[PDB]
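What the coordinates show
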Amino acid sequence: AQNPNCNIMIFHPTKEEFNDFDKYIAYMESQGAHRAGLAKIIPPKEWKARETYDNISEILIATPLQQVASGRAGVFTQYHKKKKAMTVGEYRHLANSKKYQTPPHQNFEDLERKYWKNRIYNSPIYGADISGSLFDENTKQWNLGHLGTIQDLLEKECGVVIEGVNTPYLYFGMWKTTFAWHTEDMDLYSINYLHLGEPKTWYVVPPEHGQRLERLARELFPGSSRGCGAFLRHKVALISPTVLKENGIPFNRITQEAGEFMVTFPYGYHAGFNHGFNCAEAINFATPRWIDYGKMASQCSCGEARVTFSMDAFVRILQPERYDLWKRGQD
Ligand SMILES: O=C(O)CNC(=O)C(=O)O
Ligand SMILES: [Mg+2]
Ligand code: NI
Ligand SMILES: [Zn+2]
C-alpha cells in the first residue's frame, strides 16, 4: 500500500504532465497521495494563471464576514457577522492596517504559535465565497473555471443526467482569517489555487481516520452534537494541533504559498488560517473514486448548513433514502 503513514505529498509535474488534469489526479492517487487527505501541486515553471494581478482592486466583496470566536484558545467556534460591502482595494488596505495586519514574527512556526495563542482575541474579516475566477481564459492547464463538471462525471459514471452547475469561488483573506474543520459538500474533492499574497496554513486528518476527529468533536462541542448529527457541516468548529495531539488524533500540517495548488481528497477533514492579505480560488470536483464517498456522506438536516442548488441532485440520486429529511433542512 502506497503512503501508509498518510503523509502529505508534494508534486512537481512537468509542463507535459500538466496537460491532462484527470490523468494527473489519478497518478497522484497511484502514489498514495489521497491517504493524507491533502496534497500540494507546484505548477511547472513555464505556467502562469494570468499575466498580472495589477487590476483586481475593483472586484466587490458584497458581504465581508467578521469571524467572531467563542470558547478557549484551542477549542472554539466562530460565527460570521455580516459587514458592509467593500472593494478588494478597500479590503487590502484594511488587512494592512495596524488593527488587522500580520504581527512581527520569526518564521512560519512562530506565526503558527501566535495564531493558536491569540486568534480568539481578535475578529478578522474574511471575503469568502465570492463566485468568480482570476484565471485568464487563455490559460489552458489547470484552469479552475474550465474543469469537467461534477454533473458530467455523475452522468458518465452512473448514466443519469441531472440539473446543476459547478463554478469557482474566490476567497480574499487577512491575518487570522480561519477555515473551520470540515469535509467538502457530499465529501467531494476540492482544488485550491493561491493566486497572490501571504501564505495559508492547512491542517488535515487522513480520510481513513475521519471518524476519530468526529468523535472528538462530539466530546468537545457537546451541545452542538446534540443539536445535529453532522454539525461539522456547519463549518464553525476549531480544534488546535495541540488539542488534537493530546487526544491522539492523526493529522498533518503544511503551508501553501502563492503560486501553489492544494487538492483535498474525499472525506479529508481540513482546517486552517491565512497569514496576511491573500487571494485564493477554489472549486469542487469529482472522479470515479468519489462516487462511493458521495453515497455515504453525512448530512446536516437541522437546517443550519444550507448549501447550493446543485447539491439537491447529488442527494436525490446518490442518497434517495436521506433525500426527504435533508430537503426539509434546506426548505
Ligand atoms: O481557503 C479557504 O478559506 C478554505 N478552502 C477550502 O476549504 C478548500 O479549498 O477546500
Ligand atoms: Mg478590478
Ligand atoms: Ni474545503
Ligand atoms: Zn446541522
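Residues numbered from 1 in each chain as written, not as in the entry; some residues may be left out. Chains lettered and ligands numbered in written order. Heavy atoms only, no water. Residues with missing side-chain atoms left out of burial classes, pairs and counts.

Per the deposited record, the coordinates in this entry were obtained by X-ray crystallography to a resolution of 1.1400 Å.

Observations regarding the site of ligand 1
Put simply, the rule reads: Throughout, the term near means that a residue has one or more heavy atoms lying within 4 Å of the molecule or strand in question. The definition of a polar contact used here is a pair of N or O atoms within 3.5 Å, where within protein one atom must be able to donate a hydrogen and the other to accept one, and adjacent residues in sequence count solely through side-chain atom pairs. We get accessible surface area from the Shrake-Rupley algorithm with a probe of 1.4 Å; when it comes to residues, only the shown protein chains can shield them. In this count, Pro and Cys sit with the nonpolar residues alongside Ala, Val, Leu, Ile, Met, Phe, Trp and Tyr, while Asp, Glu, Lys and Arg are called charged and the others, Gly among them, polar.
For ligand 1, the full set of nearby residues is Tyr-126, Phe-179, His-182, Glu-184, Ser-190, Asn-192, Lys-200, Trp-202, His-270 and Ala-282. Separating an oxygen atom of ligand 1 from a side-chain N or O atom of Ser-190 is a distance of 2.7 Å. Calculation on ligand 1 without its partners gives an accessible area of 290 Å², and the protein chains cover 94% of this total. Here the shell around ligand 1 is composed, by residue class, of four nonpolar, four polar and two charged.

Focus: the packing of aromatic side chains
As a reminder, the rule being used: Aromatic rings from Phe, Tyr and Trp, with only the six-membered ring used for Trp, were paired whenever their centres fell within 6.5 Å, and each pair was classed as stacked if the ring planes differed by under 30 degrees, edge-to-face if by over 60, and tilted otherwise. Here a strand is any run of E in DSSP of at least two residues, a helix any run of H or I of at least four, and the numbering for each starts at the N terminus. Accessibility here uses a 1.4 Å probe with only protein chains present; expressed as a share of the type maximum, an area under 20% marks a residue as buried, one over 50% as exposed, and anything in between as partly exposed. Here, over-ring charges are defined by two tests on the NZ atom of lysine or the CZ atom of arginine: distance to the ring centre within 6 Å, and angle to the ring normal within 35 degrees.
Inspection of every chain in the model, using the stated rule, returns 31 aromatic pairs. Measuring from ring centre to ring centre gives 6.3 Å for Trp-47 and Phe-135, while their planes differ by 55°; the resulting arrangement is tilted. Placement of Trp-47 in the loop between strand 2 (38-41) and strand 3 (60-61) and of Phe-135 in the loop between strand 7 (125-131) and helix 4 (150-158) is noted, with a sequence separation of 88 residues between them. The same class applies to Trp-47 as to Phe-135, namely buried. When its relative accessible area of 12% is taken as the criterion, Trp-47 is described as buried. The positively charged end of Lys-99 is found above the aromatic ring belonging to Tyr-100, 5.6 Å away from the centroid.

Some thoughts on the sheet that holds strand 7
Hydrogen bonds between backbone atoms are what pair the strands of a sheet, whose relative direction is either parallel or antiparallel. Let me state the cut-off plainly: Paired strands, in this sense, are two strands between which DSSP finds at least two bridges. To obtain each axis, a line is fitted to C-alpha atoms, and for helices this fit is confined to the stretch in contact; angles are then taken between N-to-C directions over 0 to 180 degrees. We call two residues contacting when some pair of their heavy atoms lies within 4.5 Å.
Strands sit in the order 1-2-14-10-16-8-7-4-5-12 across an open sheet of ten strands; the sheet is mixed. Of all the strands in the sheet, the pair left with one neighbour each is strand 1 (9-11) and strand 12 (237-239). Between one strand and the next, the sheet's axes are offset by a mean angle of 25°, whatever the strand orientation. Sheet topology note: the strand 1/strand 2 ladder contains three bridges and is parallel. Directly across from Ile-10, in strand 2, lies its bridge partner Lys-40. Sitting on the sheet, helix 2 (residues 88-95) touches strand 7 and strand 8 (169-173), and the angle it makes with strand 7 is about 155°.

Description of the sheet that holds strand 11 (residues 200-204)
Pairing within the open sheet is antiparallel, and its four strands lie in the order 9-15-11-13. Two strands lie at the open edges of the sheet, namely strand 9 (178-182) and strand 13 (252-256), each paired on one side alone. Pairs of neighbouring strands in the sheet enclose a mean axial angle of 15°, with direction left out of account. As paired strands, strand 11 and strand 13 are joined by five bridges and run antiparallel to one another. Its bridge partner being in strand 13, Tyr-203 is matched across the sheet by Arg-253. Packing against the sheet, helix 3 (residues 108-118) makes contact with strand 9, strand 11, strand 13 and strand 15 (270-274), and its axis sits at approximately 105° to strand 15.

Remarks on the pattern of salt bridges
This is how it is decided: A pair is scored as a salt bridge if a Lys or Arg side-chain nitrogen falls within 4 Å of a carboxyl oxygen belonging to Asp or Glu.
Counted under the stated rule, the structure contains eleven salt bridges. Overlapping salt bridges bring together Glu-163, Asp-312 and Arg-316 as one network.

A few points about the coordination of the nickel ion (ligand 3)
The criterion, for reference: Any nitrogen, oxygen or sulfur atom within 2.8 Å of a metal ion counts as a donor, with the limit raised to 3.2 Å for Na, K and Ca, and since water is left out, coordination shells can look unfinished.
Surrounding the nickel ion (ligand 3) are the protein donor atoms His-182 (NE2), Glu-184 (OE) and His-270 (NE2), at 2.0 to 2.2 Å. Mapped onto the sequence, the residues coordinating the nickel ion (ligand 3) show the spacing H-x1-E-x85-H. Residue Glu-184 is found in the loop between strand 9 and strand 10 (189-197), and its partner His-270 is found in strand 15; the two are separated by 86 residues along the sequence. The pair formed by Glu-184 and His-270 is uniform in burial state, with each residue classed as buried.

Some remarks on the pairing of strand 15
A regular strand places its side chains so that they alternate between the two faces of the sheet. Within strand 15, five of the five residues are buried, which leaves the element mostly enclosed by the surrounding structure. Across the two faces of strand 15 the burial is the same, with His-270, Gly-272 and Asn-274 and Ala-271 and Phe-273 all buried. Taken together, the three bridges between strand 9 and strand 15 define a ladder with antiparallel strand orientation. Across the sheet, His-182 pairs through a bridge with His-270, a residue of strand 15. Both strand 11 and strand 15 contribute to a ladder of five bridges, which runs antiparallel. Paired with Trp-202 across the bridge in strand 15 is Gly-272.

Regarding the nonpolar core
Note the threshold: What is meant by a nonpolar core is a set of buried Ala, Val, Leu, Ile, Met, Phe, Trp, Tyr and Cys residues, joined one to another through side-chain atoms within 4.5 Å.
Of all hydrophobic cores here, the largest spans 39 residues; its most connected members are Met-28, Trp-142, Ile-191, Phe-261 and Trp-290. The set of elements that each furnish at least two residues to this core consists of helix 1 (21-30), strand 2, helix 4, strand 10, strand 14 (261-264), strand 16 (278-285), helix 9 (311-318) and helix 10 (320-330). Top element by residues in this core is helix 9. It accounts for five residues. Counting residues in each nonpolar core, the second largest holds 31 residues, with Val-75, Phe-231, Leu-238 and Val-243 among its members.

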